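**Student:** Mind having a look at this structure? Questions to follow.
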Amino acid sequence: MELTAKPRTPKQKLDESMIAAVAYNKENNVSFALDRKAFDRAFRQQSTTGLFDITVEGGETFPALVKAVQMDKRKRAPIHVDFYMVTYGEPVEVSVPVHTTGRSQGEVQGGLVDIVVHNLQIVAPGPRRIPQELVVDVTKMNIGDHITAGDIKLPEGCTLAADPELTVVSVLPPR
Amino acid sequence: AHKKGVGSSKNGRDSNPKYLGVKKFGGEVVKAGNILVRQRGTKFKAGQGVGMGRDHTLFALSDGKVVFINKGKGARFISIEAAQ
Amino acid sequence: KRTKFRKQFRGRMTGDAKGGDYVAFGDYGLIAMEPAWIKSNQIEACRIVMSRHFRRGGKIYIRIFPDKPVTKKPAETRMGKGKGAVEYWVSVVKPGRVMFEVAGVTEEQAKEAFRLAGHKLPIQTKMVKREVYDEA
Amino acid sequence: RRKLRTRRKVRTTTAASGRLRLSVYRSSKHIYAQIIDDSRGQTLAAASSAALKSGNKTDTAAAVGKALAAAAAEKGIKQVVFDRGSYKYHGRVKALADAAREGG
Amino acid sequence: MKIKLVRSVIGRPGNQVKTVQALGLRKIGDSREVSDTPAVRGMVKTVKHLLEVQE
RNA sequence: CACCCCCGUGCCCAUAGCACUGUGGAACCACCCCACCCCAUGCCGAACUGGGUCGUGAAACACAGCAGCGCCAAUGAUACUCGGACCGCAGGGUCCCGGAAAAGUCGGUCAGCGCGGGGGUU
RNA sequence: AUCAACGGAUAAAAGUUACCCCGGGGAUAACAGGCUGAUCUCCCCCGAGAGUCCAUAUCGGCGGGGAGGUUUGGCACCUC
RNA sequence: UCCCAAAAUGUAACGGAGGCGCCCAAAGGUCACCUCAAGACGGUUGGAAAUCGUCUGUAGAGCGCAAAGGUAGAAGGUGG
RNA sequence: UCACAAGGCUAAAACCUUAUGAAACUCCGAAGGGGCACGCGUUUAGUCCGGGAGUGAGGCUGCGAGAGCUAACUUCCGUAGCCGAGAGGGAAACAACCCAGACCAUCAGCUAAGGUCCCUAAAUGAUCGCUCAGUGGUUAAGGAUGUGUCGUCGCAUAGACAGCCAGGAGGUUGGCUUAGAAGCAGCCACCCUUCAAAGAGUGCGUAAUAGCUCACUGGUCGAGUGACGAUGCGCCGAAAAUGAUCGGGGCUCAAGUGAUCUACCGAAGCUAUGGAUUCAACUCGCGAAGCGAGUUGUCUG
Ligand SMILES: [Mg+2]
Ligand SMILES: [Mg+2]
Ligand SMILES: [Mg+2]
Ligand SMILES: [Mg+2]
Ligand SMILES: [Mg+2]
Ligand SMILES: [Mg+2]
Ligand SMILES: [Mg+2]
């Protein structure tokens, strides 16, 4: 991913295939402007549980993880991106996509797997030690089975930012 | 005479003349007696050389210059920083 | 449909969607491209359309609710006062607002149930997917 | 409660009166009877009890008041405003008043 | 700053007609040399569209 | 304002607050102690109030740690909008020019500044 | 002092006119026209289901989009 | 009184809501003192609430009435 | 505070995660608006006393609202402009919209809004494009291998998508359901063998069978072929009463339409030349105001 300019007036970029950007940590919070097309092909893969380096037109390489995106309401199209500069040793709370594996023994009788929490906030993970997903096996589940947060296998060192009695995956009855 | 009702329900005339608000502002010269605020409760409370009438009206005790102190809503004060 | 407790009457004004995400609750959604007043009966019409298509289960999220009361002309006049409490309830929908979202159904199954529900609506709509995680 | 200090302390209308205020700490037995200036964040006179209590602890009543009244003239002070912290103006503090009310 | 009235005051809000009066312009074409001070610069910005401004 | 601490009292009244945790007793302050009176409880020295220690620092307080919660909060961007100019039969929308949020994120914080009196550097 | 018609005409006051009269009003209604098109008339989208079977040979729940100006109106613009 | 009312004041409709035509000899003056609603847990007639007790508690209560502003350093509650 | 969506949970109320709506909700909160001081800087009104009035039916448009059906050339407030009381150009015609405020004279000149085929003033201009419907010169839901241009998945000379010859299973008339239900009136599943390959199965069919073909496989050709979407211009949807038409003629051999660039036309606007008026200051007549003349500025719907 290759950035270009950085003015306060976005009039120059708006007409072209460019999206406004920002990257911060606590020591450097510079202005930015990258390619729409290039950002999309990459972001669609990465999201909050992935990172890429941004080399601004002057030879300055920095690693950054996406914090928040803001798209147009009338369009689907993103109009601005908030990148957060990575430390190397200790990060923040990250939203991880909760996924499902194997057909349930509850989905058979007339049930359906309801992923109540689409993205999970996880305390103390580790930078570049961020899991790109969060797979949860559901074969053990019958109709009326609620899988809480304090029942999920996290990958080494990671802790949970949400309550342990809070429903993440449930098998739902018919009608 | 009917068995229905006295005054007919579901109305929409009724309202009242009414006034209110600030009269003299931050950086105005005032003579003694000059009303600087008309209000309901104690939006603004009295300060230096500022009195408070029966109807919470804020008036000048002594001539000078109106000064507003905004501590953060509720803690609102009008004062007179005497010119001399 | 209608609301349980209230005030009786209202007004009218418009400008671009305030509180409508993309992917909350469901996997696929149905978004407005035009502003309108969604009648209680049009939502009910859309719901039944989707519910019938997805025979058993129940995974339809109606993110819009009719809360605005609209009025009427008894038959003639104007030589009287403000009118008709009980005409119809409405949901002020502005472009961007997710009206409906489905779960536990395929891309193809959802494509259709929304294509059907679209024909019952007084505005143009667009079918959507995931990649919106704003604030939770 | 703590509402009683703030109560009398609020009813002590600072600059309108023109006068200076007289504070008292008779919650303990080391009464601080201070003369405090309104505008400036200053304490002018004052008379304690820790520095030689005269055997007495509650009977030191007039002693601290007399000490104060005398210290007032040494500075010039003649106009005052007494502030009974939370102290129901009756014994210990009622004496200190008369002790100063007759000493100037 | 060289100012010239290129557009009519008719149909324009009161204040804008009042500003063109303060600038000393009475006819379309009326040109005049002008002061470079916040107040005089402000008047000229307030009727910017009715005037042809040089430098 | 030599310096440490304490008791009073300010300006400032959450970047000052809470929670959790630790230090301080016989200088100061707190409980404590007894009360027949002064004085007091629509009942009860609980509180006011009087006489006083000891005993303790439990409780309260003061001080110190800490970023779990509160509180504070950018940059960017958007919403909205003064003025200029348009689109649509309409609900409604766009462009140019300044102005400019709210929420959120980065992050910042267990304050700062006076006056007086008391006790310490054995 | 419900002088409450609340700046209060007298201390003191209801009806009726198709037997009617005068001064005016298109400042204002009935007819008609006009603008509008809720209502009215018609047409179109979708396809639940009816049709042995098969949505569309016929028919079209709930809903949606228009056209027309022949209805009942709205409004009160020329014409009293 | 609130809303309409376009962040000054003002602003219409047979627009949307709702009160007043009195009351209080203390519900006034002043000086003292007091501090609320609710919830959890524990208990006599009881037991959904009540009278009691501790723990949370800007106020979620009260203010003779309608609503709005205001208010616990009291405008709330009690006495001389 | 009131309303409200999905789940947790508990004996519902509360509380928790997610998600909202508000004229009479607000932890917040503009742009703007108003008071005052200053004029740091341009302008030319203001106030106070007194004489004479007229007017107290407004109208339209944009914007902000209510009423109304988010109708009306509707009604009622706020706000800005014009008409009223406004001529002149433009909008075919046309109070109001766009431009512009007419002191008088000229067979002078420049512009504005608008315009530049002919009616009819002035480019049948210049460049790159688009649209062949007379769209331009009646609206929509919905519909479409219409053409122009950017994009997102995929199968592909290890030989595709289409045509052509051959084949298309056996369990098994999958079970259930039923008067039957056998790939095809409706639930559950979509597991297995043989293999170059064949889904307990797409559309038609008879009363269930059969039938007739597709999903998948090979041979011969030989090259790009297909599905979502975006967006420009166009197509269908598109029926009204006396005779038809975009003002007409007529235009694509653009006189349509997006972007750019000059040039010209065009008013009572600005200008040239002359001339009159209003007020004002600057000269002089006259014993004094006051009024003459006289320039210069200024004014005159
Ligand atoms: Mg905040
Ligand atoms: Mg501007
Ligand atoms: Mg504007
Ligand atoms: Mg228009
Ligand atoms: Mg802007
Ligand atoms: Mg008629
Ligand atoms: Mg439409």
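By order of appearance in the structure tokens: chains A, B, ..., then residues from 1 within every chain, and ligands from 1 in the order shown.
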Produce as a count of residues only the set of residues near ligand 5, where near means within 9 Å with only C-alpha atoms (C1' of nucleotides) and all ligand atoms considered.
**Tutor:** 5
**Student:** I need the residues of range 18-77 of chain B that end up classed as strand (DSSP E) by DSSP on the backbone, written out as a list in words.
**Tutor:**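 Everything in range 18-77 of chain B that counts as strand (DSSP E) is residues 21, 22, 29, 30, 35, 36, 37, 38, 45, 46, 50, 51, 52, 58, 59, 60, 64, 65, 66, 67, 68, 69, 70, 76 and 77 of chain B.
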**Student:** Can those selected residues be exported to a file as an mmCIF file, in the first residue's frame so that it contains N, CA, C and O atoms?
**Tutor:**
data_model
loop_
_atom_site.group_PDB
_atom_site.id
_atom_site.type_symbol
_atom_site.label_atom_id
_atom_site.label_comp_id
_atom_site.auth_asym_id
_atom_site.auth_seq_id
_atom_site.Cartn_x
_atom_site.Cartn_y
_atom_site.Cartn_z
ATOM 1 N N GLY B 21 -35.968 36.947 29.496
ATOM 2 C CA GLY B 21 -34.574 36.955 29.051
ATOM 3 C C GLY B 21 -33.633 37.972 29.696
ATOM 4 O O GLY B 21 -33.991 38.690 30.642
ATOM 5 N N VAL B 22 -32.413 38.049 29.140
ATOM 6 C CA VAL B 22 -31.351 38.980 29.532
ATOM 7 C C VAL B 22 -31.664 40.400 29.003
ATOM 8 O O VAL B 22 -32.036 40.554 27.836
ATOM 9 N N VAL B 29 -22.693 49.441 30.284
ATOM 10 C CA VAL B 29 -22.693 50.353 31.419
ATOM 11 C C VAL B 29 -24.089 50.342 32.012
ATOM 12 O O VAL B 29 -25.075 50.329 31.273
ATOM 13 N N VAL B 30 -24.169 50.301 33.338
ATOM 14 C CA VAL B 30 -25.450 50.287 34.026
ATOM 15 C C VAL B 30 -25.530 51.359 35.085
ATOM 16 O O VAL B 30 -24.521 51.643 35.719
ATOM 17 N N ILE B 35 -32.428 46.892 35.389
ATOM 18 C CA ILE B 35 -32.708 45.461 35.317
ATOM 19 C C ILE B 35 -31.818 44.917 34.204
ATOM 20 O O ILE B 35 -31.790 45.476 33.093
ATOM 21 N N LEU B 36 -31.067 43.852 34.530
ATOM 22 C CA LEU B 36 -30.098 43.191 33.648
ATOM 23 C C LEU B 36 -30.532 41.774 33.232
ATOM 24 O O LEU B 36 -30.006 41.243 32.250
ATOM 25 N N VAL B 37 -31.488 41.172 33.976
ATOM 26 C CA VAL B 37 -32.065 39.853 33.694
ATOM 27 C C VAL B 37 -33.488 39.664 34.219
ATOM 28 O O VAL B 37 -33.790 40.030 35.363
ATOM 29 N N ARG B 38 -34.356 39.104 33.355
ATOM 30 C CA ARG B 38 -35.731 38.704 33.650
ATOM 31 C C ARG B 38 -35.719 37.203 33.473
ATOM 32 O O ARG B 38 -35.255 36.717 32.443
ATOM 33 N N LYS B 45 -27.593 33.691 39.077
ATOM 34 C CA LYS B 45 -27.654 34.109 40.475
ATOM 35 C C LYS B 45 -26.860 35.398 40.626
ATOM 36 O O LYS B 45 -25.927 35.644 39.852
ATOM 37 N N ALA B 46 -27.273 36.243 41.587
ATOM 38 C CA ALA B 46 -26.676 37.552 41.864
ATOM 39 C C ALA B 46 -25.191 37.502 42.310
ATOM 40 O O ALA B 46 -24.737 36.496 42.871
ATOM 41 N N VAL B 50 -25.310 43.302 42.442
ATOM 42 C CA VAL B 50 -26.418 42.711 41.698
ATOM 43 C C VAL B 50 -27.405 42.158 42.715
ATOM 44 O O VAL B 50 -27.028 41.331 43.547
ATOM 45 N N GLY B 51 -28.635 42.669 42.667
ATOM 46 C CA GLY B 51 -29.726 42.265 43.550
ATOM 47 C C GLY B 51 -30.646 41.243 42.913
ATOM 48 O O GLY B 51 -30.447 40.867 41.755
ATOM 49 N N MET B 52 -31.657 40.776 43.659
ATOM 50 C CA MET B 52 -32.618 39.808 43.142
ATOM 51 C C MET B 52 -34.023 40.067 43.660
ATOM 52 O O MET B 52 -34.307 39.843 44.838
ATOM 53 N N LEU B 58 -32.838 40.182 38.079
ATOM 54 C CA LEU B 58 -31.520 40.661 38.487
ATOM 55 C C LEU B 58 -31.318 42.109 38.077
ATOM 56 O O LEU B 58 -31.382 42.441 36.890
ATOM 57 N N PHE B 59 -31.112 42.974 39.083
ATOM 58 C CA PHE B 59 -30.948 44.415 38.934
ATOM 59 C C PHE B 59 -29.662 44.934 39.568
ATOM 60 O O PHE B 59 -29.136 44.335 40.508
ATOM 61 N N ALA B 60 -29.198 46.092 39.069
ATOM 62 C CA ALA B 60 -28.007 46.799 39.533
ATOM 63 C C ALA B 60 -28.273 47.509 40.856
ATOM 64 O O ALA B 60 -29.279 48.225 40.994
ATOM 65 N N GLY B 64 -21.961 51.023 37.106
ATOM 66 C CA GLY B 64 -20.701 50.414 36.689
ATOM 67 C C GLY B 64 -20.683 49.697 35.351
ATOM 68 O O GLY B 64 -21.023 50.288 34.322
ATOM 69 N N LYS B 65 -20.235 48.421 35.354
ATOM 70 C CA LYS B 65 -20.105 47.612 34.146
ATOM 71 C C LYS B 65 -20.471 46.148 34.397
ATOM 72 O O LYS B 65 -19.872 45.503 35.258
ATOM 73 N N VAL B 66 -21.427 45.618 33.602
ATOM 74 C CA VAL B 66 -21.915 44.236 33.677
ATOM 75 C C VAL B 66 -20.838 43.223 33.265
ATOM 76 O O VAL B 66 -20.152 43.401 32.260
ATOM 77 N N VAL B 67 -20.675 42.183 34.085
ATOM 78 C CA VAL B 67 -19.709 41.105 33.896
ATOM 79 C C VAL B 67 -20.406 39.754 34.133
ATOM 80 O O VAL B 67 -21.085 39.564 35.150
ATOM 81 N N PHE B 68 -20.254 38.835 33.180
ATOM 82 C CA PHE B 68 -20.871 37.518 33.285
ATOM 83 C C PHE B 68 -19.837 36.459 33.609
ATOM 84 O O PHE B 68 -18.765 36.421 33.001
ATOM 85 N N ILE B 69 -20.172 35.600 34.573
ATOM 86 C CA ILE B 69 -19.335 34.496 35.032
ATOM 87 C C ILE B 69 -20.104 33.189 34.751
ATOM 88 O O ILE B 69 -21.174 32.947 35.334
ATOM 89 N N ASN B 70 -19.566 32.371 33.826
ATOM 90 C CA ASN B 70 -20.167 31.097 33.415
ATOM 91 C C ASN B 70 -19.330 29.900 33.933
ATOM 92 O O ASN B 70 -18.432 29.415 33.231
ATOM 93 N N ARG B 76 -24.187 30.225 37.370
ATOM 94 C CA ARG B 76 -24.161 31.377 36.476
ATOM 95 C C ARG B 76 -24.361 32.633 37.286
ATOM 96 O O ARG B 76 -25.259 32.682 38.135
ATOM 97 N N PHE B 77 -23.498 33.636 37.054
ATOM 98 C CA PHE B 77 -23.536 34.875 37.823
ATOM 99 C C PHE B 77 -23.318 36.122 37.012
ATOM 100 O O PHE B 77 -22.466 36.154 36.123
#
**Student:** Skipping near chain neighbours, those fewer than 2 positions away, what residues fall within 8 Å of residue 113 in chain C using only C-alpha atoms (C1' of nucleotides), listed as a list in words?
**Tutor:**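 With the cut-off at 8 Å, the set is residues 49, 50, 53, 109, 110, 111, 115, 116 and 117 of chain C.
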**Student:** Could you tell me how far CA of residue 81 in chain A sits from CA of residue 49 in chain A, in Å to one decimal place?
**Tutor:**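 Interatomic distance, CA of residue 49 in chain A to CA of residue 81 in chain A: 15.3 Å.
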**Student:** Which protein, DNA or RNA residues have an atom within 10 Å of ligand 6, counting only C-alpha atoms (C1' of nucleotides) and all ligand atoms, as a list in words?
**Tutor:** residues 30, 31, 32, 33, 34, 75 and 76 of chain G
**Student:** For the residues in the current selection, export N, CA and C atoms (P, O5', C5', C4', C3', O3' and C1' of nucleotides) as a PDB file, in the first residue's frame.
**Tutor:**
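Now in result_36.pdb:
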ATOM      1  P     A G  30     -70.687  27.269  -3.434  1.00  0.00           P
ATOM      2  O5'   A G  30     -72.220  27.250  -3.899  1.00  0.00           O
ATOM      3  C5'   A G  30     -73.085  26.246  -3.349  1.00  0.00           C
ATOM      4  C4'   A G  30     -74.492  26.330  -3.921  1.00  0.00           C
ATOM      5  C3'   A G  30     -74.633  26.109  -5.434  1.00  0.00           C
ATOM      6  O3'   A G  30     -74.695  24.749  -5.827  1.00  0.00           O
ATOM      7  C1'   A G  30     -75.839  28.018  -4.772  1.00  0.00           C
ATOM      8  P     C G  31     -73.542  24.241  -6.827  1.00  0.00           P
ATOM      9  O5'   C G  31     -74.083  24.796  -8.213  1.00  0.00           O
ATOM     10  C5'   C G  31     -75.282  24.387  -8.817  1.00  0.00           C
ATOM     11  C4'   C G  31     -75.351  24.935 -10.225  1.00  0.00           C
ATOM     12  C3'   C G  31     -74.081  24.757 -11.034  1.00  0.00           C
ATOM     13  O3'   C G  31     -74.051  23.495 -11.603  1.00  0.00           O
ATOM     14  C1'   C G  31     -74.903  26.941 -11.326  1.00  0.00           C
ATOM     15  P     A G  32     -72.664  22.714 -11.736  1.00  0.00           P
ATOM     16  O5'   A G  32     -71.939  23.524 -12.891  1.00  0.00           O
ATOM     17  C5'   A G  32     -72.335  23.348 -14.218  1.00  0.00           C
ATOM     18  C4'   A G  32     -71.742  24.474 -15.004  1.00  0.00           C
ATOM     19  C3'   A G  32     -70.245  24.590 -14.937  1.00  0.00           C
ATOM     20  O3'   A G  32     -69.709  23.758 -15.881  1.00  0.00           O
ATOM     21  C1'   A G  32     -71.260  26.684 -14.684  1.00  0.00           C
ATOM     22  P     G G  33     -68.526  22.781 -15.468  1.00  0.00           P
ATOM     23  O5'   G G  33     -67.278  23.752 -15.740  1.00  0.00           O
ATOM     24  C5'   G G  33     -67.115  24.243 -17.079  1.00  0.00           C
ATOM     25  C4'   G G  33     -66.314  25.525 -17.121  1.00  0.00           C
ATOM     26  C3'   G G  33     -64.917  25.461 -16.542  1.00  0.00           C
ATOM     27  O3'   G G  33     -63.973  24.904 -17.420  1.00  0.00           O
ATOM     28  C1'   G G  33     -65.993  27.389 -15.764  1.00  0.00           C
ATOM     29  P     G G  34     -62.929  23.895 -16.745  1.00  0.00           P
ATOM     30  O5'   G G  34     -61.862  24.811 -15.965  1.00  0.00           O
ATOM     31  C5'   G G  34     -61.150  25.841 -16.648  1.00  0.00           C
ATOM     32  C4'   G G  34     -60.410  26.716 -15.672  1.00  0.00           C
ATOM     33  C3'   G G  34     -59.501  25.958 -14.727  1.00  0.00           C
ATOM     34  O3'   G G  34     -58.269  25.708 -15.387  1.00  0.00           O
ATOM     35  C1'   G G  34     -60.811  27.444 -13.486  1.00  0.00           C
ATOM     36  P     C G  75     -62.692  24.420   1.514  1.00  0.00           P
ATOM     37  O5'   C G  75     -61.574  25.546   1.441  1.00  0.00           O
ATOM     38  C5'   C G  75     -60.255  25.290   0.977  1.00  0.00           C
ATOM     39  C4'   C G  75     -59.938  25.940  -0.350  1.00  0.00           C
ATOM     40  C3'   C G  75     -60.525  27.301  -0.686  1.00  0.00           C
ATOM     41  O3'   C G  75     -59.883  28.381  -0.027  1.00  0.00           O
ATOM     42  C1'   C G  75     -60.374  25.927  -2.596  1.00  0.00           C
ATOM     43  P     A G  76     -60.737  29.698   0.305  1.00  0.00           P
ATOM     44  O5'   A G  76     -60.947  30.458  -1.066  1.00  0.00           O
ATOM     45  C5'   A G  76     -59.991  30.792  -2.033  1.00  0.00           C
ATOM     46  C4'   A G  76     -60.788  31.202  -3.252  1.00  0.00           C
ATOM     47  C3'   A G  76     -61.558  32.491  -3.067  1.00  0.00           C
ATOM     48  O3'   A G  76     -61.353  33.190  -4.305  1.00  0.00           O
ATOM     49  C1'   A G  76     -63.101  30.776  -3.605  1.00  0.00           C
TER      50        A G  76
END
**Student:** What is the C1' of residue 11 in chain F to CA of residue 26 in chain B distance in Å?
**Tutor:**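 Distance reported for this atom pair: 22.5 Å.
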**Student:** In terms of the shortest atom-to-atom distance over only C-alpha atoms, which of A:114, A:90, A:151, A:133 is closest to residue 26 in chain C?
**Tutor:**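 The closest residue to residue 26 in chain C is A:114.
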**Student:** Determine, for each residue of chain C having at least one atom at most 9 Å from an atom of chain I, the closest pair of atoms and their separation in Å to one decimal, counting only C-alpha atoms (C1' of nucleotides); order by chain and ascending number, as CSV.
**Tutor:**
residue,atom,partner,partner_atom,distance
C:3,CA,I:3,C1',7.3
C:4,CA,I:3,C1',8.1
C:5,CA,I:3,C1',7.2
C:6,CA,I:3,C1',6.9
C:7,CA,I:2,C1',8.7
C:10,CA,I:23,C1',7.2
C:11,CA,I:23,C1',7.5
C:12,CA,I:70,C1',6.9
C:13,CA,I:70,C1',8.0
C:19,CA,I:20,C1',6.7
C:20,CA,I:20,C1',8.2
C:21,CA,I:19,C1',8.9
C:24,CA,I:19,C1',7.4
C:25,CA,I:6,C1',6.5
C:61,CA,I:6,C1',7.3
C:62,CA,I:5,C1',7.0
C:63,CA,I:5,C1',5.7
C:64,CA,I:5,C1',7.5
C:65,CA,I:4,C1',7.4
C:67,CA,I:21,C1',7.4
C:72,CA,I:69,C1',8.0
C:73,CA,I:69,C1',8.5
C:78,CA,I:68,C1',8.8
C:81,CA,I:67,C1',8.9
C:82,CA,I:67,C1',7.3
C:91,CA,I:21,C1',8.6
C:92,CA,I:21,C1',8.9
C:119,CA,I:141,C1',8.3
C:122,CA,I:141,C1',8.3
C:123,CA,I:141,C1',8.7
C:136,CA,I:18,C1',7.5
**Student:** Just the selected residues (N, CA, C and O atoms), exported as a tab-separated table (two decimals), in the first residue's frame, please.
**Tutor:**
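Output contents, as saved in part-v1.tsv:
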chain	number	residue	atom	x	y	z
C	3	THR	N	-48.06	1.46	17.57
C	3	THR	CA	-47.39	1.61	18.85
C	3	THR	C	-48.42	1.44	20.01
C	3	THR	O	-49.61	1.70	19.81
C	4	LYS	N	-47.96	0.98	21.21
C	4	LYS	CA	-48.80	0.69	22.39
C	4	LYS	C	-49.36	1.89	23.21
C	4	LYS	O	-50.52	1.85	23.63
C	5	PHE	N	-48.53	2.93	23.44
C	5	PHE	CA	-48.82	4.14	24.22
C	5	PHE	C	-48.24	5.34	23.43
C	5	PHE	O	-47.23	5.13	22.76
C	6	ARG	N	-48.83	6.60	23.52
C	6	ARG	CA	-48.29	7.74	22.74
C	6	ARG	C	-48.57	9.24	23.16
C	6	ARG	O	-48.37	9.62	24.33
C	7	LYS	N	-48.94	10.10	22.13
C	7	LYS	CA	-49.26	11.54	22.16
C	7	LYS	C	-50.48	11.89	21.26
C	7	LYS	O	-51.23	12.82	21.58
C	10	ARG	N	-48.55	14.46	14.80
C	10	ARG	CA	-47.16	14.86	14.49
C	10	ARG	C	-46.86	16.07	13.48
C	10	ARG	O	-47.34	17.18	13.72
C	11	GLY	N	-45.99	15.87	12.46
C	11	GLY	CA	-45.55	16.90	11.52
C	11	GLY	C	-45.04	16.39	10.18
C	11	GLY	O	-45.82	15.76	9.47
C	12	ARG	N	-43.75	16.68	9.79
C	12	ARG	CA	-43.07	16.31	8.50
C	12	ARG	C	-41.77	17.14	8.19
C	12	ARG	O	-41.84	18.36	8.28
C	13	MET	N	-40.63	16.50	7.73
C	13	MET	CA	-39.30	17.09	7.35
C	13	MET	C	-38.37	15.91	6.93
C	13	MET	O	-38.62	14.79	7.38
C	19	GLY	N	-29.50	6.67	11.76
C	19	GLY	CA	-29.17	5.46	12.51
C	19	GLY	C	-29.54	4.15	11.85
C	19	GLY	O	-30.49	3.49	12.27
C	20	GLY	N	-28.75	3.76	10.86
C	20	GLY	CA	-28.92	2.52	10.11
C	20	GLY	C	-27.57	2.03	9.63
C	20	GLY	O	-26.98	2.63	8.73
C	21	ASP	N	-27.06	0.95	10.27
C	21	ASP	CA	-25.75	0.34	10.00
C	21	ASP	C	-25.75	-0.36	8.64
C	21	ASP	O	-26.19	0.23	7.65
C	24	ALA	N	-25.80	-5.64	11.19
C	24	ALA	CA	-26.13	-5.89	12.59
C	24	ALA	C	-27.21	-6.98	12.54
C	24	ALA	O	-28.03	-6.98	11.64
C	25	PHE	N	-27.18	-7.94	13.47
C	25	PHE	CA	-28.14	-9.05	13.55
C	25	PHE	C	-28.08	-10.09	12.42
C	25	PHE	O	-27.94	-11.28	12.70
C	61	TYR	N	-35.18	-9.89	10.34
C	61	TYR	CA	-35.01	-8.75	11.23
C	61	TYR	C	-35.61	-7.52	10.55
C	61	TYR	O	-35.10	-7.10	9.51
C	62	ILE	N	-36.70	-6.98	11.12
C	62	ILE	CA	-37.30	-5.75	10.58
C	62	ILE	C	-36.74	-4.59	11.42
C	62	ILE	O	-37.30	-4.27	12.48
C	63	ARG	N	-35.62	-4.00	10.96
C	63	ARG	CA	-34.94	-2.91	11.66
C	63	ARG	C	-35.69	-1.56	11.69
C	63	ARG	O	-35.30	-0.65	12.43
C	64	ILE	N	-36.80	-1.45	10.92
C	64	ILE	CA	-37.67	-0.26	10.85
C	64	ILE	C	-39.01	-0.51	11.56
C	64	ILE	O	-39.55	-1.62	11.49
C	65	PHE	N	-39.54	0.50	12.26
C	65	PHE	CA	-40.81	0.36	12.96
C	65	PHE	C	-41.72	1.57	12.69
C	65	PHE	O	-41.26	2.71	12.81
C	67	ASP	N	-43.87	4.38	13.75
C	67	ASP	CA	-44.16	5.16	14.96
C	67	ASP	C	-44.85	6.54	14.73
C	67	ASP	O	-45.45	7.08	15.67
C	72	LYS	N	-56.56	12.34	8.49
C	72	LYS	CA	-57.47	12.34	7.36
C	72	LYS	C	-58.66	13.32	7.42
C	72	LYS	O	-59.04	13.81	8.47
C	73	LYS	N	-59.22	13.56	6.21
C	73	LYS	CA	-60.38	14.36	5.81
C	73	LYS	C	-61.66	13.51	6.00
C	73	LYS	O	-62.01	12.72	5.11
C	78	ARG	N	-63.52	21.99	6.13
C	78	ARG	CA	-62.27	22.72	6.47
C	78	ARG	C	-62.60	23.73	7.63
C	78	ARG	O	-61.70	24.08	8.43
C	81	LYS	N	-61.78	21.90	13.03
C	81	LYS	CA	-60.40	21.83	13.57
C	81	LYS	C	-59.45	20.71	13.02
C	81	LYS	O	-59.81	20.09	12.03
C	82	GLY	N	-58.26	20.53	13.63
C	82	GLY	CA	-57.24	19.51	13.27
C	82	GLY	C	-57.82	18.12	13.25
C	82	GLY	O	-58.78	17.87	13.99
C	91	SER	N	-43.15	4.90	9.45
C	91	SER	CA	-41.72	4.86	9.76
C	91	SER	C	-41.01	5.77	8.75
C	91	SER	O	-41.02	5.48	7.54
C	92	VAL	N	-40.42	6.90	9.22
C	92	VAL	CA	-39.72	7.83	8.32
C	92	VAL	C	-38.40	7.23	7.87
C	92	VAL	O	-37.46	7.09	8.65
C	119	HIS	N	-41.02	-5.25	-4.51
C	119	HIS	CA	-42.23	-4.99	-5.29
C	119	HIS	C	-43.41	-4.48	-4.43
C	119	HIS	O	-44.29	-3.82	-4.98
C	122	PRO	N	-42.87	1.40	-1.38
C	122	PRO	CA	-43.07	2.61	-2.18
C	122	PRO	C	-41.78	3.32	-2.58
C	122	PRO	O	-41.83	4.49	-2.96
C	123	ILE	N	-40.62	2.63	-2.50
C	123	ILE	CA	-39.32	3.19	-2.87
C	123	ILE	C	-38.38	2.17	-3.48
C	123	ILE	O	-38.59	0.97	-3.32
C	136	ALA	N	-19.23	-1.24	18.69
C	136	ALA	CA	-19.75	-2.27	19.59
C	136	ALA	C	-18.78	-2.46	20.76
C	136	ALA	O	-18.43	-1.49	21.43
**Student:** Please check which protein, DNA or RNA residues sit within 9 Å of ligand 3, counting only C-alpha atoms (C1' of nucleotides) and all ligand atoms, and write them as a ChimeraX atom specification.
**Tutor:** /F:81-84 /I:63
